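Q: Sequence first, structure after, both from an experimental entry:
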Amino acid sequence: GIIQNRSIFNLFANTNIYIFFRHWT
Amino acid sequence: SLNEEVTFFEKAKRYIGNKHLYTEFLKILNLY
Amino acid sequence: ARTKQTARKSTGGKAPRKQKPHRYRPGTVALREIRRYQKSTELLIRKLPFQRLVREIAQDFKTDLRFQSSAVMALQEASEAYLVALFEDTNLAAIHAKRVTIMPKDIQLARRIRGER
Amino acid sequence: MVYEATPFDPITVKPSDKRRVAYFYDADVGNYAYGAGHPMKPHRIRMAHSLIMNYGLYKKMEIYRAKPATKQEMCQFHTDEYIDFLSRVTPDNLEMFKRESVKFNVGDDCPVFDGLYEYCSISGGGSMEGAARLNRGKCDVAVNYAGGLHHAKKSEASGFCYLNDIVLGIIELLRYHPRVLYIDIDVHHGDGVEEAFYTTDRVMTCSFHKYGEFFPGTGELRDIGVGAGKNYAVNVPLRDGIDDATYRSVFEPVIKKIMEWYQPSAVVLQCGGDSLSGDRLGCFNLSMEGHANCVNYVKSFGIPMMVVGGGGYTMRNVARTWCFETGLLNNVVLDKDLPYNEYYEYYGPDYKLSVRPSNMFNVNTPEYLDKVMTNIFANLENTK
Amino acid sequence: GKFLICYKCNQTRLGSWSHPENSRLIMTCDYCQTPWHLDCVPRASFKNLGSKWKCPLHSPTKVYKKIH
Amino acid sequence: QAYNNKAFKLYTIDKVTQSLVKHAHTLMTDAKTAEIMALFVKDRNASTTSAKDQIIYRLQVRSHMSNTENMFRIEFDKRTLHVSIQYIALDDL
Amino acid sequence: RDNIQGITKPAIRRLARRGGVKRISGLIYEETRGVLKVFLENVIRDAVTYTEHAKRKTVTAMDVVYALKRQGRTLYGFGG
Ligand SMILES: [Zn+2]
Ligand SMILES: [Zn+2]
Ligand SMILES: [Zn+2]
């Protein structure tokens, strides 16, 4: 189940990085 | 056929949710 | 036949148009709060109402008159000082006539004898 | 699956739909004023007309001064006592009529100015002569901005309206036409016209109005007429801030379905300028293109029509949109550069023909208008 | 502190303040407090004054029936 | 005047950029917050990862902060730069 | 105008309470407000007259205590 040359990248975050990213968007 | 006929009322009660809305639903079915 | 108009409306429906608990005796709390407003030092007229008073009352003498913030505070203080002296004089002219309650007639005499009526 | 979200296409005239246009204007209409603090101004009529003359639109149309209506021509719809009160009341003898002031709703929100009877006579005469010229075939489009009083009723004055001239015009149209369709794009509901023709199938009254807690309160979707007039009174309730694309995607399917279902012989179009953005009392977000697209779309059907101007309480915007609508009826699009008129100082700061929409929320959701147009289309199935 | 779920659509369309046109207006019944969207029951006003607004789920206090 | 009131959302550009700046400042200078971004750095820089790496990265992010906090799965796809954000607050516990 | 009733009935009681008064008639308040305004227009007429003397268009606490000085009463901590 190895996913080589991946294209979908996941960022797991708390409220701080989420609110920072929401302000960026 | 029979099972849906006997199971219609309490599955309707489950779909209604709030007991006040089911009370008014039974009031509607009584007024009919 | 005398008649008068009060509706003051030529047409009706103007809105629909397109255009056990303790109780201290009567008098008991008052002396407790005589002392509260006497040991205290704040100014007893609310600043926003009094500020608005000085603005609305000064406009007729001169148009567009601005007041320094400290200027109205000097007025606030001077007026409270003026009224507490007049009210001591009131209490004195009231206790004169075998009374505890004051009545305006007390303070028209208090002003008349001080020479501003 | 009835409402479709479509962007507002640019207004294009049809060169194969040339219409003889009759213009009804009495130079006096403007010299009347409701009051000092009043929003309704008949002065908007003559600055609209000054834009017609200075655009050179009088060379493509005939200007008429309609004969003012007498007392008993007004009584074709209204009662004798209401017209008798209207023709006799002045601001001087207002105390002599106190019972009639509250009886006929005249004195507050419909004030007594001393040119009231003459203003109503000009409006009613303009509407009736436009309908008469449509009847005899002397013109294909009759333009009369002097009227539009769609709120007036049989024995009352409401909504700054005293003489319901639109009912008189539809009455004059009914003597020669079997089916007359009345379209009201005024932001208020055409309660007087709909109430007048509620029980008849000869007149279909369609109203595109804001329906909230707004004047006149009538205009629920369930109001479809009673008796023989059932499903012959279409009410389209709208929310605040409807823009040009939304209003077009509501107006064009409904009017198209009425056209191919009711099949009228004459059309009366109430062009209320209070549907425009920035109105004093209106709450819509229509630009002048959005207001005039209704007039251009109803012009495409070829039915002999009577363009009658109604509301509009900011004079500049209603004058500009009436000038653009009038120019559209001559199969021309007026350039967005105003000519020099005597009221040029109103149209600042750009002094152009355009009425700019506000950036306020179009709260008319597609689901709500889809349900509204679905029930309207379902009610229209019985009008064949 | 929970979300007022509309009865018919079983959703609350709160919107996002970047697409406020995605927010559907919601009102509550004045009797049983059942929240309804402004589009699920066909309504354009919010019923701010006048009579209390009644949601469609309540049994009528007055009905007319045909004799036939 | 330039945009015919269609640029009203740009009236507070200074305040929103200031708030973004403040959020970045408390983003690096908070305990149990900067190591989450360090784990994001290790996940993004080291490509060719299987699923099991993704779950252990998820619980390793979870173990950094409190048990009552909210997680967010901000998915990015190189093709199309499409950022899907998912709410898994107290869901993987 | 609107602010003359802004001098409220408890405030007048507070002035009276600071003044040692136990019982107060109901008719005290409005004519006491009148006595307050006659005093205010007098003092501010003097203060503003001092203000347009100075080629000025604001009155100052200095001008207030100056008017008070003319009227006879002096206030401290407000300049002067
Ligand atoms: Zn209107
Ligand atoms: Zn819903
Ligand atoms: Zn309810």
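A: Thanks, I have the structure now. Numbers count the residues shown, from 1 in each chain, chains lettered A, B, ... in the order given. Ligands and ions are numbered 1, 2, ... in the order given.
Q: residue boundaries of the strands in the chain?
A: This is for chain A. For chain A, applying DSSP state E gives strands covering A:8-13.
Q: actually chain G
A: Assigned by DSSP E, chain G shows strands spanning G:58-59.
Q: Show me where chain C has its helices.
A: Assigned by DSSP state H, the helices in chain C fall at C:28-39, C:47-58, C:69-96, C:104-114.
Q: Mind listing what's buried along the second one?
A: Residues C:49, C:50, C:51, C:52, C:53, C:54, C:57, C:58 are the ones in helix C:47-58 that count as buried (16 or more other CB atoms under 10 Å in any protein chain shown). (C-beta placed from N, C-alpha, C; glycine too.)
Q: and the second one, what does it touch?
A: When contacts are counted by CB atoms under 8 Å, 6 or more residues apart in numbering or on different chains, residue C:50 touches C:72, C:75, C:76, C:79, G:3, G:6, G:7.
Q: Torsion angles phi and psi at the closest residue to residue E:34 other than its chain neighbours?
A: Of all residues not flanking residue E:34 in the chain, residue E:55 sits nearest, at 5.0 Å (CB to CB, 6 or more residues apart in numbering or on different chains). With angles defined as degrees, to the nearest 10, residue E:55 sits at phi -70, psi 160.
Q: you'd agree residue E:55 is up against residue E:33?
A: No - taking CB atoms under 8 Å as the definition, residue E:55 is not a contact partner of residue E:33, at 9.0 Å.
Q: Please identify which of the two sits among more neighbours.
A: residue E:55 (19 against 11; other CB atoms under 10 Å in any protein chain shown).
Q: From residue D:221, how far off is that one?
A: Using CB to CB, to the nearest Å, we find residue E:55 at a distance of 18 Å from residue D:221.
Q: can I assume residue D:48 is in contact with residue D:145?
A: Yes - counting by CB under 8 Å, residue D:48 does reach residue D:145; the two are 5.9 Å apart.
Q: quick one: contacts for residue G:58?
A: Applying CB under 8 Å, 6+ apart, the residues near residue G:58 are C:65, C:66, C:67, C:68, C:71, G:51.
Q: Is there a neighbour count for the last one? I'd like the number.
A: Think residue G:51. Neighbours around residue G:51, by other CB under 10 Å: 25.
Q: Surely it and residue G:59 touch.
A: Yes - if you go by CB under 8 Å, residue G:51 and residue G:59 touch, sitting 4.5 Å apart.
Q: Now do the shared contacts for the two.
A: By CB under 8 Å, 6+ apart, the residues touching both residue G:51 and residue G:59 are residue C:65.
Q: Just give me the neighbour total for residue C:62.
A: By the criterion of other CB under 10 Å, residue C:62 has 15 neighbours.
Q: By proximity to chain B, which residue of chain D wins?
A: Of all residues in chain D, residue D:222 sits closest to chain B, with a separation of 20.5 Å (CB to the nearest CB).
Q: neighbours of that residue, just the number please.
A: There are 8 residues near residue D:222, going by other CB under 10 Å.
Q: tell me the SS of it?
A: Judged by DSSP: H, G, I helix; E, B strand; the rest coil, the three-state class of residue D:222 is coil.
Q: for residue D:110, same thing?
A: Residue D:110 ends up coil, using three-state DSSP.
Q: That one contacts residue C:10, correct?
A: No - Residue D:110 is beyond contact range of residue C:10, at 9.2 Å (criterion: CB under 8 Å).
Q: These two: who's more crowded?
A: Of the pair residue D:110 and residue C:10, residue D:110 is the one with more neighbours under other CB under 10 Å, namely 27 against 21.
Q: For the residue nearest the centre of chain A, which non-adjacent residue is closest in space?
A: Centroid check for chain A by CA atoms, centre = their mean gives residue A:11 as the closest residue, at 2.3 Å. In space, and not counting its chain neighbours, residue A:11 is closest to residue F:74: 4.1 Å by CB to CB, 6+ apart.
Q: A strand includes the one you found, no?
A: Yes - per three-state DSSP, residue F:74 lies within a strand segment.
Q: which residues touch it?
A: Counting by CB under 8 Å, 6+ apart, residue F:74 touches A:10, A:11, A:12, A:13, A:17, A:18, A:21, F:83, F:84, F:85, F:86.
Q: In contact with the fifth one, which residues?
A: Residue A:17 makes contact with A:11, F:27, F:33, F:36, F:37, F:40, F:72, F:74, according to CB under 8 Å, 6+ apart.
Q: so what does the strand or helix carrying the fourth one touch, helix or strand wise?
A: Mapping residue F:36 onto the secondary structure by DSSP states H and E places it in helix F:34-45. Using 3 or more CB pairs under 8 Å, 6 or more residues apart in numbering or on different chains; DSSP states H and E as the contact definition, the elements that helix F:34-45 packs against are strand A:8-13, helix A:15-24, helix F:13-28, helix F:51-62.
Q: how about residue C:3, phi and psi?
A: Residue torsions, per degrees, to the nearest 10, at residue C:3 are phi -130, psi 150.
Q: before we move on, back to that, shared neighbours of residue D:48 and residue D:145, which are they?
A: D:309, D:322.
Q: who has more neighbours, the two?
A: residue D:145 (31 against 26).
Q: I'd like to know how many residues surround the closest residue to that one other than its chain neighbours.
A: Spatial nearest neighbour of residue D:145, excluding adjacent residues (CB to CB, 6+ apart): residue D:309 at 3.5 Å. Neighbour count of residue D:309, defined by other CB under 10 Å: 26.
Q: who's residue D:309 bridged to?
A: For residue D:309, the beta-bridge partners are residue D:271 (DSSP bridges).
Q: doesn't residue D:322 make contact with it?
A: Yes - with contact defined as CB under 8 Å, residue D:309 reaches residue D:322; the gap is 5.4 Å.
Q: any common contacting residues for the two?
A: D:48, D:145, D:271, D:273.
Q: from the residues you listed, which is closest to ligand 1?
A: residue D:273 (8.5 Å; CB to the ion).
Q: Ramachandran coordinates for residue D:153?
A: phi -120, psi -170.
Q: thought it was touching residue D:190?
A: No - in this structure residue D:153 lies outside contact range of residue D:190 using CB under 8 Å: 11.1 Å.
Q: Between the two, point out the one with more neighbours.
A: Neighbours were tallied for residue D:153 and for residue D:190 using other CB under 10 Å; the higher tally belongs to residue D:190 (34 against 23).
Q: Quickly note the distance from the residue nearest to the spatial centre of chain C to chain F.
A: Closest residue to the average C-alpha location of chain C: residue C:45 at 8.6 Å, with CA atoms, centre = their mean. Distance, residue C:45 to chain F, by CB to the nearest CB, to the nearest Å: 39 Å.
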